[PDB]
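Trainee:
There are 4 protein chains.
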Amino acid sequence: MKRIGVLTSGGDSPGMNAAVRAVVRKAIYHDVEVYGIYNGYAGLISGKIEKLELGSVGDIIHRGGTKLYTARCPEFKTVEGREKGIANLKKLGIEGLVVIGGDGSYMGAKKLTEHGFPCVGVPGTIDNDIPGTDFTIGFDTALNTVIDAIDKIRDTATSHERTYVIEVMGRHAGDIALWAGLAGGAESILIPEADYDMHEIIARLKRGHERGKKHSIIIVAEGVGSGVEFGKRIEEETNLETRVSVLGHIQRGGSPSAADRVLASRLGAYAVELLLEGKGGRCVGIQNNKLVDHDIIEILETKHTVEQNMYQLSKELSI
Amino acid sequence: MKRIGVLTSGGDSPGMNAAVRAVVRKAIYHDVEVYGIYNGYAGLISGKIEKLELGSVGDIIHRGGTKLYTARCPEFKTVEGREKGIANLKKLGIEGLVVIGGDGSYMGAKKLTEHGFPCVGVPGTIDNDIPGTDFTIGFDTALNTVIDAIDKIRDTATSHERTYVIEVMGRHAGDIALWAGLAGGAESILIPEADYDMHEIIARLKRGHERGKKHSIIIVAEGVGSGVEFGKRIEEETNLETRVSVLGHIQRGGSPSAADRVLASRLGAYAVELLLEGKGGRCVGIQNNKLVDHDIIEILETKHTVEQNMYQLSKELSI
Amino acid sequence: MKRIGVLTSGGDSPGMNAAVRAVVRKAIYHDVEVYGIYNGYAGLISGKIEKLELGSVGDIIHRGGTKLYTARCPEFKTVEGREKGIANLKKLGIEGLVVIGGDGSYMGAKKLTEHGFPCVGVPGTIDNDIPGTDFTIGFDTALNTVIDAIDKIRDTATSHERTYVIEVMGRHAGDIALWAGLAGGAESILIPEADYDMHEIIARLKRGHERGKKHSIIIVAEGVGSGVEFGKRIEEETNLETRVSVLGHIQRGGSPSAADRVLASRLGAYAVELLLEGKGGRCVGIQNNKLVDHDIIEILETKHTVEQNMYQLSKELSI
Amino acid sequence: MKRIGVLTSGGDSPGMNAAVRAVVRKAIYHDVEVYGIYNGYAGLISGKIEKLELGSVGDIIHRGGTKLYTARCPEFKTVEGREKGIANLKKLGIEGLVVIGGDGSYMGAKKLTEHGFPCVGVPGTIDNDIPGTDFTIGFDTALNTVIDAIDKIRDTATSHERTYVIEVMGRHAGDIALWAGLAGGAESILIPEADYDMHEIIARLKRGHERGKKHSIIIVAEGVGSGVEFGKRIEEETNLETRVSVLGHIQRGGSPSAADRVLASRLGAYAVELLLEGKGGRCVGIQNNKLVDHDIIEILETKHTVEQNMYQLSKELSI
């Protein structure tokens, strides 16, 4: 292989630039040309595609977002859109693709592999919800964004002796909520993977202000519901000054943590390695602190777990 | 004067600990005892009041919030509550008070001055809306909190070529919005002090994506209305992927900037100075980069201004 | 067991407070009293020891440093000092210790175990150089402190087209330098575990400014030598504007990352678990993303490794 | 005037990009072309000069450093180099310059003004040492960088009960040291503008550990001397665990504070205003919180002051 393409799709995550940078530098190390495909899969159709040179990735490792941009491409799922896509690839003689992003995106990449264009998938999402990896690029950075906000809310909650409900992103996964709750010492944490009881939660909360906890923080993964809901249902059964904050899209942006930069660098180079190796339809990741890769289809079946032993601990440390 | 009290009321702001620390150290420098009154004016009634020693303020300069806590005291406005308050003061022989916080709080302090208890007011609020000062303690820190969030939203807005409406606090004042908009290069800024036109705003926004601005940031002071409102009214007349984020209470918390620490230190010591000087019913502040103090009643009349020359500039730099 | 003690010794690391908080809450969860021993082992001698209550650990999870303090105790290594230590323990009926900190500290804890006081060791150091764990509490936070400083130096190095040598801590281990070099995209990285050639480094550096790299960052673990030394030996063979910066003790302080909070919470609670279990002379940690514990003596022999596959990568991505 | 040029020289400072962005947008607002001159004055000689478009300044307001780069140009001081400079300007028909940076740089701009090329100077330096302005672009951001490092050192100094000497930049001015010392609650502050006594400093320091201050922070402007020097002379007369840290070039880099963005935006636009007005040989700034401009030569004579009333305060709050 002498020429490959690279793109980012799904929700952007911090560390995507560091991955792109890694795919480019690693390929050029091996005398392979790399083409930046812009706007996710929507670039395979518009043909917005450009050679990426060394100087192209020379000031991005520390930058949030993706310099290739990202976009939803239903067009590409159609046989028509798909072949417009393939035709643009052949046209530039691109032989393989590294796809960086969500689990929506791993489908486009197995499709292309079956049509002669080997693709390797790279997990980019703050949600930490891609199978085949303990960790996705942007998770760690998200966590730091969250705890930073929580730390600031604790200052005001404490000064005013108020209780706060904080909604975190995560889509359908409780990892952000679970790790950020733990890390911020939240009185309770609500996540899709583990049962909660709202009465047990009020209870823990009255028996905190009894003993003189004046303030509390409750963490709610957006995958369980709305913080503005939980906050009111709480104000009712305690008649107690409650505030809600919905952190929102800040969780997505920002210069990536050291953890995410290293992860993106390691996985991006890894991906190129397998492409240049005759492997296609694989995704890479980190499992048990070891770099692994997997047949994509084998593991799109497998369902996501948080570590329950970590949820228990959050209960034991909140009392 | 040999014994004074100090308290924080209204919304807490970062830098309040640094002010308290300054009031305590400055008084003790002058052989004056200081008493920490907890829970704002609500402590003058409960009598939750404690001598503050040097070691009391020895690890707070960098801490957000107020270690004296703060609370609303309608009780204290009543003649009854007020005299319970006065009685607790006499009881401990506290002769004067430094009051740190909002403009609600400057009233309690003029009241006490007329009843023989000289009080000096110190501007603590992130809103920057206290007359007698160009700047209030916590403003600068708020600004940094805001631009930090904006910087993170710009990463995702840019990657996805989306337009964002960001709601900032400020109560009734546009200073947060105005300074943060400018500082983040917002396409437009909505503030109570200056007229905006929503059509002029859509216009500036179509004539941006014409020339190929894929993304925009619009800043809305909460004193003009709801970002979830503006965001939808925008989605309608552009049919264009709009997102809203309501920053919320993070703007209130967090370790204070260097600017706020210095300001709080300078004003807190200044306040003690005037108390120990036979001045009462005064507030202090910084005007034209000079430390000043003012008869409170003379200037509770005066109405708040942003700098309009700074609003113009924001228009000229957004086009 | 109904009563245990906890202390921090060695160099302090961010996340030590979160570990202490976890040891306290986890033990109180199980109806076990906990005593805070201050000033490391020097507290077992002075008897500066205090019961720790729930409210004791109620505002520290996000705090850098150790609220129990830490100090070197040669005294304690002596039979005399040691038995003054033991006598204070019996005096308060403390039956076991959780020891949080460096590998110096694991010796004190095996000593106590042989003298009827079961001790469990917990890895607290930014150096990431404790055997039995892939990661030590404070490493991740150190990394972020480093990359943050690097990011700032890159700004000025880039603007002025200068080359910079940056010395990072790590004692005898290259993990900080290795991970932070990778994460910051350093042109080269000098670490004790892997050979470097200074001429190969000048070479990579001339062949960078040939192709128009105006600026470079070189990372030096303090365990290989002095940056002020490498910088000059570089200025000589290139006659090229070189700057050195020695990051220093900032790498030790600061509010811990989400990663370090979680790690410290998990390992702290884990430690209590084994103490309360009849296990002594063990240290815990995380290996292959799994919580593990080890006979201390078995593994004080084992020698530290960085991941060499990660050093290669840094070479491949710098060219 | 229809065509101007803009460049940055001297030490780079955070907020220089925001100033450049402001000069460009403000001129284009008025139908005036702007040319980016690269590498400071060294670009007037090499002719490395490029038209700057709107999209040129579209993603820099939040960026540290200068995208125009900066360099020392002794060549330009020579009549020869100077006229190669002028010839490149005429060649592109550039009629005026906005010069952003140090006080070295204000000389180049008065020179050009006398040779028919009106120039306006804009204060860009972290040192806050440019006459005609209370504040220079990058100062505020420097302060925050410093206090952030101090806050981290306090964590470890406190945990270990050590005393620390911290050297800060500032060249010949004590403003960084003075403001950051105040803001960090330093035990003492050494600055060129105010006398210190080393024995008075040891004294304050023994009478601190008498009363049980276990740790202290001393701040030294690099313009008074070396921290590694003060630290040793302190270790001698106290025999007390002393540590030195030289913050270094981190103080120069990093995304600018909200304060610096606003200042740079305001002064940048202001500069263009005067150029387009027939004013030349002027520099702008902020004095008594008011935007002002000054004949350059009139005020290169005037000598720099810190506010002494602010140094006193630091003495009074440290005791």
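Note that the protein sequences, when read in sequence, are chains E, F, Z and B. If you read the first sequence in my numbering, its first letter stands for residue 1, the second for the next number, and so on. If you read the second sequence in my numbering, its first letter stands for residue 320, the second for the next number, and so on. If you read the third sequence in my numbering, its first letter stands for residue 639, the second for the next number, and so on. If you read the fourth sequence in my numbering, its first letter stands for residue 958, the second for the next number, and so on. Using N, Cα and C, we set each Cβ at its ideal position, and we do this for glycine too.
Is it buried or exposed, residue 837 of chain Z, if we count other Cβ atoms within 10 angstroms and call 16 or more buried?
Mentor: Classification for residue 837 of chain Z: exposed.
Trainee: Return helix, strand or coil for residue 528 of chain F, following the three-state DSSP convention.
Mentor: In this structure, residue 528 of chain F counts as helix in the three-state DSSP scheme.
Trainee: Got a sec, what are the start and stop residues for the alpha helix (DSSP H) residue 1183 of chain B sits in?
Mentor: From DSSP, residue 1183 of chain B is part of no alpha helix (DSSP H); its letter is neither H nor E.
Trainee: By the criterion of Cβ-Cβ separation under 9 Å, what are the contact partners of residue 253 of chain E in chain Z?
Mentor: What residue 253 of chain E touches in chain Z: nothing, since even the nearest Cβ is about 16 Å away.
Trainee: Given this structure, state the Cα-to-Cα distance separating residue 487 of chain F from residue 535 of chain F, to the nearest angstrom.
Mentor: Looking at the two C-alpha atoms, the distance is approximately 16 Å.
Trainee: Contact between the region 154 to 166 of chain E and the region 41 to 49 of chain E: three or more CB pairs below 8 Å?
Mentor: Contact between the region 154 to 166 of chain E and the region 41 to 49 of chain E is absent, because fewer than three Cβ pairs lie under 8 Å.
Trainee: Beta carbon of residue 192 of chain E, beta carbon of residue 174 of chain E: below 7 Å?
Mentor: Yes, they are a contact pair.
Trainee: Give the residues of chain E in contact with residue 478 of chain F, contact being defined as C-beta atoms less than 7 Å apart.
Mentor: Under the 7 Å cutoff, chain E gives 12, 65, 66, 69 and 70.
Trainee: Taking DSSP as the reference, what is the three-state secondary structure of residue 858 of chain Z?
Mentor: The answer is strand: DSSP assigns residue 858 of chain Z an E or B state.
Trainee: Could you say which of E/205, E/225 and E/267 lies nearest to residue 238 of chain E if we only look at CA atoms?
Mentor: Answer by Cα proximity: E/205.
Trainee: Any residues in the region 230 to 246 of chain E with a beta carbon nearer than 7 Å to a beta carbon of chain F? Which ones, in chain order?
Mentor: Answer in chain order: 243, 245 and 246.
Trainee: Applying a beta-carbon distance threshold of less than 8 Å, which residues of chain Z neighbour residue 265 of chain E?
Mentor: Per Cβ cutoff of 8 Å: 820, 821, 951 and 955.
Trainee: With the cut-off set at 7 Å, would you say residue 1067 of chain B and residue 1253 of chain B are in Cβ contact?
Mentor: Yes, the pair counts as a contact, with Cβ atoms nearer than the cut-off.
Trainee: Can you name, in chain order, every residue of its own chain whose Cβ lies under 8 Å from the Cβ of residue 184 of chain E, other than the five neighbours on each side?
Mentor: So the list reads 146, 147, 150, 151, 154, 217 and 219, once near-sequence residues are dropped.
Trainee: With contact counted as at least three CB pairs below 8 Å, one residue from each stretch, are the region 430 to 450 of chain F and the region 600 to 611 of chain F in contact?
Mentor: A contact exists between the region 430 to 450 of chain F and the region 600 to 611 of chain F.
Trainee: Within the chosen definition, does the region 391 to 402 of chain F reach the region 566 to 583 of chain F through at least 3 CB pairs nearer than 8 Å?
Mentor: No, the region 391 to 402 of chain F is not in contact with the region 566 to 583 of chain F.
Trainee: Quick one: is residue 940 of chain Z buried, meaning 16 or more other Cβ sit within 10 Å of its Cβ, or exposed?
Mentor: With fewer than 16 other Cβ atoms within 10 Å, it is exposed.
Trainee: Do you know offhand how far residue 162 of chain E's Cα is from residue 576 of chain F's?
Mentor: Using only the alpha carbons, I get a separation of about 24 Å.
Trainee: Can you tell me the Cα-Cα spacing of residue 1151 of chain B and residue 1268 of chain B, whole angstroms?
Mentor: So the two alpha carbons sit approximately 8 Å from each other.
Trainee: Counting along the chain, where does the beta strand (DSSP E) carrying residue 168 of chain E start and finish?
Mentor: Run containing residue 168 of chain E: 163 to 168, per the beta strand (DSSP E) assignment.
Trainee: Grab the span of the beta strand (DSSP E) containing residue 256 of chain E for me, first residue to last.
Mentor: Careful: residue 256 of chain E lies outside any beta strand (DSSP E) and carries neither H nor E.
Trainee: Note down, in chain order, every chain F residue with its Cβ under 7 Å from the Cβ of residue 986 of chain B.
Mentor: Neighbours of residue 986 of chain B on chain F, chain order: 635 and 638.
Trainee: Is DSSP giving residue 511 of chain F helix, strand or coil here?
Mentor: In this structure, residue 511 of chain F counts as coil in the three-state DSSP scheme.
Trainee: Restricting to Cα atoms, I'd like to know which of E/62, E/33, E/270 and E/133 is closest to residue 289 of chain E.
Mentor: Cα-wise, what sits closest to residue 289 of chain E is E/133.
Trainee: Tell me the DSSP secondary structure of residue 840 of chain Z in three-state form.
Mentor: Three-state DSSP puts residue 840 of chain Z in a helix.
Trainee: Can you check DSSP and say which residues form a bridge with residue 442 of chain F?
Mentor: Paired residues: F/420.
Trainee: To which residues of the same chain is residue 131 of chain E closer than 6 Å at the C-beta, ignoring the five residues directly before and after it?
Mentor: Hits under 6 Å: 299 and 302.
Trainee: Looking at chain F, is there any beta carbon in it that lies within less than 7 Å of the beta carbon of residue 248 of chain E?
Mentor: So, interface residue.
Trainee: Give the single residue among F/587, F/490, F/370 and F/505 whose Cα lies nearest to the Cα of residue 545 of chain F.
Mentor: For the residues F/587, F/490, F/370 and F/505, the minimum Cα distance to residue 545 of chain F belongs to F/490.
Trainee: Anything in chain E within Cβ reach of residue 843 of chain Z, meaning under 8 Å, just list it in chain order.
Mentor: Here the premise fails: no neighbours, minimum Cβ distance about 15 Å.
Trainee: Mind checking whether residue 27 of chain E and residue 61 of chain E have CB atoms under 7 Å apart?
Mentor: Going by C-beta atoms, residue 27 of chain E is not nearer than 7 Å to residue 61 of chain E.
Trainee: Would you report the Cα separation of residue 623 of chain F and residue 448 of chain F, rounded to the nearest angstrom?
Mentor: Computed Cα separation, rounded: 6 Å.
Trainee: Determine the DSSP secondary structure at residue 1072 of chain B, reduced to helix, strand or coil.
Mentor: DSSP places residue 1072 of chain B in coil when its eight states are reduced to three.
Trainee: How far does the alpha helix (DSSP H) with residue 79 of chain E in it reach, from first residue to last?
Mentor: Where residue 79 of chain E is concerned, the enclosing alpha helix (DSSP H) stretches over 79 to 92.
Trainee: From the beta carbon of residue 258 of chain E, is the nearest beta carbon of chain Z less than 7 Å away?
Mentor: Yes, residue 258 of chain E lies at the interface with chain Z (some Cβ there is under 7 Å from its Cβ).
Trainee: Going by the CB atoms, is the gap between residue 5 of chain E and residue 35 of chain E shorter than 7 Å?
Mentor: The answer is yes: Cβ separation under 7 Å.
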